[PDB]
Amino acid sequence: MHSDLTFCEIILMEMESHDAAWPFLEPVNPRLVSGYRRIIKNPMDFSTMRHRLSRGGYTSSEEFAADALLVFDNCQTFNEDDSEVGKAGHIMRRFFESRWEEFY
Ligand SMILES: CCc1c(C(=O)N2CCNCC2)[nH]c(C)c1C(C)=O
Ligand SMILES: [Mg+2]
């Protein structure tokens, strides 16, 4: 588990500092985004994952991956692939997938 969570801290650090991370560093404000609340049932973002890691809320690295993948599933559900947020989400999703795979 210490091995699991060490990897999680590395990959989240790397995602938080990525150029394409800007749509995911804070929760979407649904008051500012028409339709977000109706369409996205389980919002997720990097600061929520950071907060959860800080309070010890992740037991395994599979839990952590489920949150990361939820970020990018939400992104592809709500944003067009050719939108600014959609393009950034594909960059971040490919980064995470490839980085997760050269560990496990
Ligand atoms: C276009 C709105 C949007 C942002 C976004 O612009 N920001 C993230 C929140 N903090 C400020 C910047 N991020 C996402 C994942 C979305 C949507 C609708 O999926
Ligand atoms: Mg693949």
# chains A, B, ... in the order shown; residues from 1 in each chain; ligands from 1

call {"tool": "select_by_dssp", "arguments": {"residues": "chain A", "states": "alpha helix (DSSP H)", "output": "PDB file with N, CA and C atoms, in the first residue's frame"}}
result
ATOM      1  N   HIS A   2       1.963   1.220   0.765  1.00  0.00           N
ATOM      2  CA  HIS A   2       2.923   2.320   0.707  1.00  0.00           C
ATOM      3  C   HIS A   2       3.527   2.432  -0.689  1.00  0.00           C
ATOM      4  N   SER A   3       3.767   1.290  -1.342  1.00  0.00           N
ATOM      5  CA  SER A   3       4.192   1.299  -2.738  1.00  0.00           C
ATOM      6  C   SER A   3       3.102   1.876  -3.635  1.00  0.00           C
ATOM      7  N   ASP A   4       1.863   1.394  -3.469  1.00  0.00           N
ATOM      8  CA  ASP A   4       0.724   1.920  -4.222  1.00  0.00           C
ATOM      9  C   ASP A   4       0.625   3.435  -4.094  1.00  0.00           C
ATOM     10  N   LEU A   5       0.655   3.941  -2.860  1.00  0.00           N
ATOM     11  CA  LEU A   5       0.388   5.355  -2.639  1.00  0.00           C
ATOM     12  C   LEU A   5       1.575   6.233  -3.007  1.00  0.00           C
ATOM     13  N   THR A   6       2.798   5.701  -2.935  1.00  0.00           N
ATOM     14  CA  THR A   6       3.957   6.432  -3.444  1.00  0.00           C
ATOM     15  C   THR A   6       3.805   6.737  -4.933  1.00  0.00           C
ATOM     16  N   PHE A   7       3.417   5.730  -5.719  1.00  0.00           N
ATOM     17  CA  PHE A   7       3.171   5.952  -7.137  1.00  0.00           C
ATOM     18  C   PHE A   7       2.064   6.982  -7.357  1.00  0.00           C
ATOM     19  N   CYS A   8       0.991   6.916  -6.557  1.00  0.00           N
ATOM     20  CA  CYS A   8      -0.128   7.844  -6.724  1.00  0.00           C
ATOM     21  C   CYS A   8       0.311   9.292  -6.523  1.00  0.00           C
ATOM     22  N   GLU A   9       1.187   9.531  -5.542  1.00  0.00           N
ATOM     23  CA  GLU A   9       1.699  10.874  -5.291  1.00  0.00           C
ATOM     24  C   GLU A   9       2.563  11.363  -6.446  1.00  0.00           C
ATOM     25  N   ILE A  10       3.375  10.477  -7.030  1.00  0.00           N
ATOM     26  CA  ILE A  10       4.201  10.869  -8.171  1.00  0.00           C
ATOM     27  C   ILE A  10       3.322  11.258  -9.351  1.00  0.00           C
ATOM     28  N   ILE A  11       2.337  10.420  -9.675  1.00  0.00           N
ATOM     29  CA  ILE A  11       1.577  10.672 -10.890  1.00  0.00           C
ATOM     30  C   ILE A  11       0.664  11.881 -10.716  1.00  0.00           C
ATOM     31  N   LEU A  12       0.137  12.105  -9.505  1.00  0.00           N
ATOM     32  CA  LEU A  12      -0.730  13.260  -9.296  1.00  0.00           C
ATOM     33  C   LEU A  12       0.078  14.549  -9.304  1.00  0.00           C
ATOM     34  N   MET A  13       1.255  14.537  -8.676  1.00  0.00           N
ATOM     35  CA  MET A  13       2.181  15.657  -8.816  1.00  0.00           C
ATOM     36  C   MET A  13       2.427  15.973 -10.290  1.00  0.00           C
ATOM     37  N   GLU A  14       2.664  14.939 -11.096  1.00  0.00           N
ATOM     38  CA  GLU A  14       2.996  15.176 -12.497  1.00  0.00           C
ATOM     39  C   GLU A  14       1.794  15.723 -13.252  1.00  0.00           C
ATOM     40  N   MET A  15       0.595  15.259 -12.909  1.00  0.00           N
ATOM     41  CA  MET A  15      -0.592  15.776 -13.579  1.00  0.00           C
ATOM     42  C   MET A  15      -0.876  17.213 -13.160  1.00  0.00           C
ATOM     43  N   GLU A  16      -0.703  17.526 -11.872  1.00  0.00           N
ATOM     44  CA  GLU A  16      -0.975  18.875 -11.379  1.00  0.00           C
ATOM     45  C   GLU A  16      -0.069  19.918 -12.019  1.00  0.00           C
ATOM     46  N   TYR A  36     -24.271  21.379 -16.503  1.00  0.00           N
ATOM     47  CA  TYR A  36     -23.224  20.518 -15.959  1.00  0.00           C
ATOM     48  C   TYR A  36     -23.781  19.584 -14.900  1.00  0.00           C
ATOM     49  N   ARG A  37     -24.552  20.152 -13.973  1.00  0.00           N
ATOM     50  CA  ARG A  37     -25.160  19.401 -12.889  1.00  0.00           C
ATOM     51  C   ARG A  37     -26.093  18.320 -13.422  1.00  0.00           C
ATOM     52  N   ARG A  38     -26.888  18.658 -14.440  1.00  0.00           N
ATOM     53  CA  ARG A  38     -27.820  17.697 -15.016  1.00  0.00           C
ATOM     54  C   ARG A  38     -27.082  16.514 -15.652  1.00  0.00           C
ATOM     55  N   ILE A  39     -25.946  16.766 -16.295  1.00  0.00           N
ATOM     56  CA  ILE A  39     -25.288  15.759 -17.131  1.00  0.00           C
ATOM     57  C   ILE A  39     -24.210  14.981 -16.376  1.00  0.00           C
ATOM     58  N   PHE A  46      -8.628  17.295  -9.910  1.00  0.00           N
ATOM     59  CA  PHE A  46      -7.349  16.936  -9.294  1.00  0.00           C
ATOM     60  C   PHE A  46      -7.261  17.412  -7.847  1.00  0.00           C
ATOM     61  N   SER A  47      -7.823  18.582  -7.529  1.00  0.00           N
ATOM     62  CA  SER A  47      -7.756  19.053  -6.148  1.00  0.00           C
ATOM     63  C   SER A  47      -8.583  18.175  -5.211  1.00  0.00           C
ATOM     64  N   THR A  48      -9.685  17.601  -5.698  1.00  0.00           N
ATOM     65  CA  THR A  48     -10.422  16.643  -4.874  1.00  0.00           C
ATOM     66  C   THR A  48      -9.598  15.381  -4.646  1.00  0.00           C
ATOM     67  N   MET A  49      -8.911  14.894  -5.690  1.00  0.00           N
ATOM     68  CA  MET A  49      -8.021  13.746  -5.520  1.00  0.00           C
ATOM     69  C   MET A  49      -6.865  14.080  -4.589  1.00  0.00           C
ATOM     70  N   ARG A  50      -6.295  15.278  -4.731  1.00  0.00           N
ATOM     71  CA  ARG A  50      -5.249  15.707  -3.805  1.00  0.00           C
ATOM     72  C   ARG A  50      -5.774  15.728  -2.376  1.00  0.00           C
ATOM     73  N   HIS A  51      -6.951  16.323  -2.165  1.00  0.00           N
ATOM     74  CA  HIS A  51      -7.525  16.376  -0.820  1.00  0.00           C
ATOM     75  C   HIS A  51      -7.739  14.979  -0.259  1.00  0.00           C
ATOM     76  N   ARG A  52      -8.277  14.074  -1.078  1.00  0.00           N
ATOM     77  CA  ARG A  52      -8.507  12.707  -0.623  1.00  0.00           C
ATOM     78  C   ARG A  52      -7.200  12.009  -0.262  1.00  0.00           C
ATOM     79  N   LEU A  53      -6.156  12.189  -1.076  1.00  0.00           N
ATOM     80  CA  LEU A  53      -4.863  11.599  -0.743  1.00  0.00           C
ATOM     81  C   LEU A  53      -4.343  12.140   0.586  1.00  0.00           C
ATOM     82  N   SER A  54      -4.492  13.450   0.812  1.00  0.00           N
ATOM     83  CA  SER A  54      -4.008  14.082   2.041  1.00  0.00           C
ATOM     84  C   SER A  54      -4.661  13.497   3.291  1.00  0.00           C
ATOM     85  N   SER A  61      -4.195   1.667  -5.101  1.00  0.00           N
ATOM     86  CA  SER A  61      -3.980   2.502  -6.270  1.00  0.00           C
ATOM     87  C   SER A  61      -5.089   2.340  -7.303  1.00  0.00           C
ATOM     88  N   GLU A  62      -5.863   1.251  -7.238  1.00  0.00           N
ATOM     89  CA  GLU A  62      -6.997   1.097  -8.147  1.00  0.00           C
ATOM     90  C   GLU A  62      -8.092   2.112  -7.843  1.00  0.00           C
ATOM     91  N   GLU A  63      -8.354   2.373  -6.556  1.00  0.00           N
ATOM     92  CA  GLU A  63      -9.260   3.457  -6.182  1.00  0.00           C
ATOM     93  C   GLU A  63      -8.809   4.781  -6.785  1.00  0.00           C
ATOM     94  N   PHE A  64      -7.513   5.086  -6.661  1.00  0.00           N
ATOM     95  CA  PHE A  64      -6.973   6.331  -7.201  1.00  0.00           C
ATOM     96  C   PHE A  64      -7.198   6.420  -8.705  1.00  0.00           C
ATOM     97  N   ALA A  65      -6.937   5.323  -9.423  1.00  0.00           N
ATOM     98  CA  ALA A  65      -7.109   5.316 -10.874  1.00  0.00           C
ATOM     99  C   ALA A  65      -8.562   5.550 -11.267  1.00  0.00           C
ATOM    100  N   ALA A  66      -9.501   4.965 -10.517  1.00  0.00           N
ATOM    101  CA  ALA A  66     -10.917   5.179 -10.799  1.00  0.00           C
ATOM    102  C   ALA A  66     -11.288   6.658 -10.739  1.00  0.00           C
ATOM    103  N   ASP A  67     -10.731   7.401  -9.779  1.00  0.00           N
ATOM    104  CA  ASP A  67     -10.976   8.842  -9.730  1.00  0.00           C
ATOM    105  C   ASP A  67     -10.347   9.561 -10.918  1.00  0.00           C
ATOM    106  N   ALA A  68      -9.073   9.276 -11.202  1.00  0.00           N
ATOM    107  CA  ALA A  68      -8.412   9.891 -12.350  1.00  0.00           C
ATOM    108  C   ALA A  68      -9.207   9.647 -13.627  1.00  0.00           C
ATOM    109  N   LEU A  69      -9.609   8.395 -13.859  1.00  0.00           N
ATOM    110  CA  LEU A  69     -10.355   8.080 -15.076  1.00  0.00           C
ATOM    111  C   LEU A  69     -11.728   8.744 -15.083  1.00  0.00           C
ATOM    112  N   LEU A  70     -12.303   8.976 -13.905  1.00  0.00           N
ATOM    113  CA  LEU A  70     -13.576   9.686 -13.836  1.00  0.00           C
ATOM    114  C   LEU A  70     -13.433  11.123 -14.335  1.00  0.00           C
ATOM    115  N   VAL A  71     -12.315  11.783 -13.997  1.00  0.00           N
ATOM    116  CA  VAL A  71     -12.039  13.121 -14.526  1.00  0.00           C
ATOM    117  C   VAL A  71     -12.165  13.125 -16.047  1.00  0.00           C
ATOM    118  N   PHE A  72     -11.525  12.161 -16.705  1.00  0.00           N
ATOM    119  CA  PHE A  72     -11.453  12.186 -18.163  1.00  0.00           C
ATOM    120  C   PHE A  72     -12.708  11.625 -18.816  1.00  0.00           C
ATOM    121  N   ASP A  73     -13.424  10.718 -18.140  1.00  0.00           N
ATOM    122  CA  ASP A  73     -14.755  10.319 -18.610  1.00  0.00           C
ATOM    123  C   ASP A  73     -15.750  11.485 -18.537  1.00  0.00           C
ATOM    124  N   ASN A  74     -15.802  12.191 -17.400  1.00  0.00           N
ATOM    125  CA  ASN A  74     -16.612  13.409 -17.330  1.00  0.00           C
ATOM    126  C   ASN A  74     -16.246  14.385 -18.443  1.00  0.00           C
ATOM    127  N   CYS A  75     -14.946  14.590 -18.656  1.00  0.00           N
ATOM    128  CA  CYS A  75     -14.498  15.545 -19.661  1.00  0.00           C
ATOM    129  C   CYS A  75     -15.016  15.169 -21.049  1.00  0.00           C
ATOM    130  N   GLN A  76     -14.871  13.901 -21.432  1.00  0.00           N
ATOM    131  CA  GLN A  76     -15.355  13.475 -22.742  1.00  0.00           C
ATOM    132  C   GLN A  76     -16.870  13.417 -22.819  1.00  0.00           C
ATOM    133  N   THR A  77     -17.552  13.267 -21.684  1.00  0.00           N
ATOM    134  CA  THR A  77     -19.010  13.265 -21.710  1.00  0.00           C
ATOM    135  C   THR A  77     -19.554  14.655 -21.985  1.00  0.00           C
ATOM    136  N   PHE A  78     -18.954  15.684 -21.387  1.00  0.00           N
ATOM    137  CA  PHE A  78     -19.535  17.018 -21.463  1.00  0.00           C
ATOM    138  C   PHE A  78     -18.940  17.888 -22.563  1.00  0.00           C
ATOM    139  N   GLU A  84     -11.680  23.402 -26.450  1.00  0.00           N
ATOM    140  CA  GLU A  84     -10.447  23.687 -25.722  1.00  0.00           C
ATOM    141  C   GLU A  84     -10.290  22.748 -24.525  1.00  0.00           C
ATOM    142  N   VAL A  85     -11.368  22.543 -23.760  1.00  0.00           N
ATOM    143  CA  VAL A  85     -11.288  21.654 -22.606  1.00  0.00           C
ATOM    144  C   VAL A  85     -11.159  20.208 -23.060  1.00  0.00           C
ATOM    145  N   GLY A  86     -11.901  19.827 -24.106  1.00  0.00           N
ATOM    146  CA  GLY A  86     -11.798  18.474 -24.628  1.00  0.00           C
ATOM    147  C   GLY A  86     -10.400  18.138 -25.123  1.00  0.00           C
ATOM    148  N   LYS A  87      -9.784  19.050 -25.885  1.00  0.00           N
ATOM    149  CA  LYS A  87      -8.417  18.792 -26.336  1.00  0.00           C
ATOM    150  C   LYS A  87      -7.473  18.620 -25.153  1.00  0.00           C
ATOM    151  N   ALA A  88      -7.590  19.481 -24.139  1.00  0.00           N
ATOM    152  CA  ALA A  88      -6.699  19.354 -22.991  1.00  0.00           C
ATOM    153  C   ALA A  88      -6.936  18.034 -22.262  1.00  0.00           C
ATOM    154  N   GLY A  89      -8.193  17.586 -22.206  1.00  0.00           N
ATOM    155  CA  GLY A  89      -8.503  16.347 -21.515  1.00  0.00           C
ATOM    156  C   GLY A  89      -7.936  15.123 -22.207  1.00  0.00           C
ATOM    157  N   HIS A  90      -7.852  15.149 -23.535  1.00  0.00           N
ATOM    158  CA  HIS A  90      -7.249  14.017 -24.226  1.00  0.00           C
ATOM    159  C   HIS A  90      -5.749  13.958 -23.965  1.00  0.00           C
ATOM    160  N   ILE A  91      -5.088  15.115 -23.928  1.00  0.00           N
ATOM    161  CA  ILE A  91      -3.670  15.148 -23.573  1.00  0.00           C
ATOM    162  C   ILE A  91      -3.456  14.581 -22.169  1.00  0.00           C
ATOM    163  N   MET A  92      -4.267  15.024 -21.202  1.00  0.00           N
ATOM    164  CA  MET A  92      -4.084  14.551 -19.831  1.00  0.00           C
ATOM    165  C   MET A  92      -4.434  13.077 -19.697  1.00  0.00           C
ATOM    166  N   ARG A  93      -5.445  12.615 -20.437  1.00  0.00           N
ATOM    167  CA  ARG A  93      -5.858  11.221 -20.345  1.00  0.00           C
ATOM    168  C   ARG A  93      -4.790  10.306 -20.926  1.00  0.00           C
ATOM    169  N   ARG A  94      -4.226  10.676 -22.078  1.00  0.00           N
ATOM    170  CA  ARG A  94      -3.148   9.879 -22.648  1.00  0.00           C
ATOM    171  C   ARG A  94      -1.920   9.896 -21.743  1.00  0.00           C
ATOM    172  N   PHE A  95      -1.600  11.051 -21.146  1.00  0.00           N
ATOM    173  CA  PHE A  95      -0.505  11.099 -20.172  1.00  0.00           C
ATOM    174  C   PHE A  95      -0.736  10.112 -19.032  1.00  0.00           C
ATOM    175  N   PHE A  96      -1.914  10.170 -18.397  1.00  0.00           N
ATOM    176  CA  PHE A  96      -2.181   9.312 -17.242  1.00  0.00           C
ATOM    177  C   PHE A  96      -2.144   7.836 -17.618  1.00  0.00           C
ATOM    178  N   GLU A  97      -2.854   7.467 -18.691  1.00  0.00           N
ATOM    179  CA  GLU A  97      -2.888   6.077 -19.122  1.00  0.00           C
ATOM    180  C   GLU A  97      -1.487   5.552 -19.384  1.00  0.00           C
ATOM    181  N   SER A  98      -0.671   6.312 -20.116  1.00  0.00           N
ATOM    182  CA  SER A  98       0.661   5.813 -20.456  1.00  0.00           C
ATOM    183  C   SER A  98       1.556   5.766 -19.225  1.00  0.00           C
ATOM    184  N   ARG A  99       1.392   6.729 -18.318  1.00  0.00           N
ATOM    185  CA  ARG A  99       2.200   6.747 -17.103  1.00  0.00           C
ATOM    186  C   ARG A  99       1.780   5.630 -16.152  1.00  0.00           C
ATOM    187  N   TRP A 100       0.470   5.437 -15.966  1.00  0.00           N
ATOM    188  CA  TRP A 100      -0.005   4.306 -15.175  1.00  0.00           C
ATOM    189  C   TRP A 100       0.522   2.976 -15.709  1.00  0.00           C
ATOM    190  N   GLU A 101       0.707   2.863 -17.027  1.00  0.00           N
ATOM    191  CA  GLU A 101       1.069   1.579 -17.618  1.00  0.00           C
ATOM    192  C   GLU A 101       2.558   1.294 -17.532  1.00  0.00           C
TER     193      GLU A 101
END

call {"tool": "residues_near_ligand", "arguments": {"ligand": "ligand 1", "cutoff": "6 Å", "atoms": "only C-alpha atoms and all ligand atoms", "output": "ChimeraX atom specification"}}
result
/A:23-24,26-28,75,78-79

call {"tool": "write_last_selection", "arguments": {"atoms": "C-alpha atoms", "output": "PDB file, in the first residue's frame"}}
result
ATOM      1  CA  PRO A  23      -9.272  22.482 -16.733  1.00  0.00           C
ATOM      2  CA  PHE A  24      -8.905  19.928 -13.941  1.00  0.00           C
ATOM      3  CA  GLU A  26     -10.403  22.849  -9.434  1.00  0.00           C
ATOM      4  CA  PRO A  27     -14.017  21.597  -9.500  1.00  0.00           C
ATOM      5  CA  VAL A  28     -16.264  22.882 -12.261  1.00  0.00           C
ATOM      6  CA  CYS A  75     -14.498  15.545 -19.661  1.00  0.00           C
ATOM      7  CA  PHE A  78     -19.535  17.018 -21.463  1.00  0.00           C
ATOM      8  CA  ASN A  79     -16.988  18.578 -23.844  1.00  0.00           C
TER       9      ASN A  79
END

call {"tool": "closest_residue", "arguments": {"among": "A:102, A:33, A:40, A:58", "to": "ligand 2", "atoms": "only C-alpha atoms and all ligand atoms"}}
result
A:102

call {"tool": "atom_distance", "arguments": {"atom1": "atom CA of residue A:30", "atom2": "atom CA of residue A:43"}}
result
10.0 Å
